[PDB]
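A single chain, nothing else alongside it, follows as structure tokens in the form deposited in one PDB entry.
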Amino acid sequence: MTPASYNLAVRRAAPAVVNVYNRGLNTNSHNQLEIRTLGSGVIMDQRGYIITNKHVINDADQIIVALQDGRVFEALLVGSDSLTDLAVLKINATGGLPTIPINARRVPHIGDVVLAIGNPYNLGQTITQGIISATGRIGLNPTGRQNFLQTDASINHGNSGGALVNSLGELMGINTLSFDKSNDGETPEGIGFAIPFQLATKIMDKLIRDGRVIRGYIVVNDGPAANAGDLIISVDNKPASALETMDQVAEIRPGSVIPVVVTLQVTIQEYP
């Protein structure tokens, strides 16, 4: 007999999760570099691209990445995205890097065991265990309508930007926020959110390529629509939920003219 263990997932995945430090130059009076906040990150590939949260690295004068193998790098900010709260860093590494295990065919399911990997309270790399509690959650805010995995693996301050993986060490998500949302001061337990890895990958590639996430801009309640000239039944030859549609709009390139049946000829414009 041997102990029940998720050490295999830890061995495979934990080395590619890094400590991220946000350091400022106008944080003390002597303008010496000092941590303003900290969190986690996930090395995605050998080029040095790292996913983290935007709120972790916002307004940083220096971003530091520390690997579990001891190495320390200053990271470049490639881009970020307020809407999803994702950021992509780049370190210039020699001699190779640990990269997170990814299985693009894996469909996450509710009740799948997951491990959260990060640096809670700067204690050092920590693993916590729970399950996938839910999928397709808007998160803490009703606006944005962004997909979240929910999990009851304990998340704390310092876990942001870190990895949520399954028992095979496969990347399920990027931990973003623990639900500290009580205007009662009652304390939520086991409510935490992560950005599904498929989304996180897609955002990364968009940020890597454009330095930012370029997004295109059913009862309608100086815009492209105003200039085009109500119940929208079809957009760009696609039957019109409002959530799936607005995700369609975001994909379509600026300057592209599409048919909006309600037949108007609208010209898509980049969101500001």
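Residue positions are given as counts along the sequence shown, with the first one as 1. Only the largest set of C-alpha atoms that superpose within 1.5 Å between the two forms is called the rigid core.
Below: the form deposited in another entry, not depicted.
S.K.: Shifts of 2 Å or more in the Cα, rigid core superposed between the shown form and the other one, apply to only one of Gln125, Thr128, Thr201, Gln146; name it.
M.R.: Everything else stays below 2 Å; the exception is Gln146.
S.K.: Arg106: CA shift of at least 2 Å between the shown form and the other one after core fit?
M.R.: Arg106 C-alpha, core-superposed: shift of less than 2 Å.
S.K.: So, does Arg137 move by 2 Å or more at the CA between the shown form and the other one, with the core held fixed?
M.R.: Shift of 2 Å or more: yes.
S.K.: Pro196 and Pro142: their C-alpha distance differs by 3 angstroms or more in the other form. Do they come closer or move farther apart compared with the shown form?
M.R.: Closer: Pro196 and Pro142 approach by 3 Å or more in the other form.
S.K.: Shorter or longer C-alpha distance for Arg209 and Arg137 in the other form, given it differs from this form by 3 Å or more?
M.R.: Compared with the form shown here, the C-alpha atoms of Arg209 and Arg137 sit closer together in the other form, by 3 Å or more.
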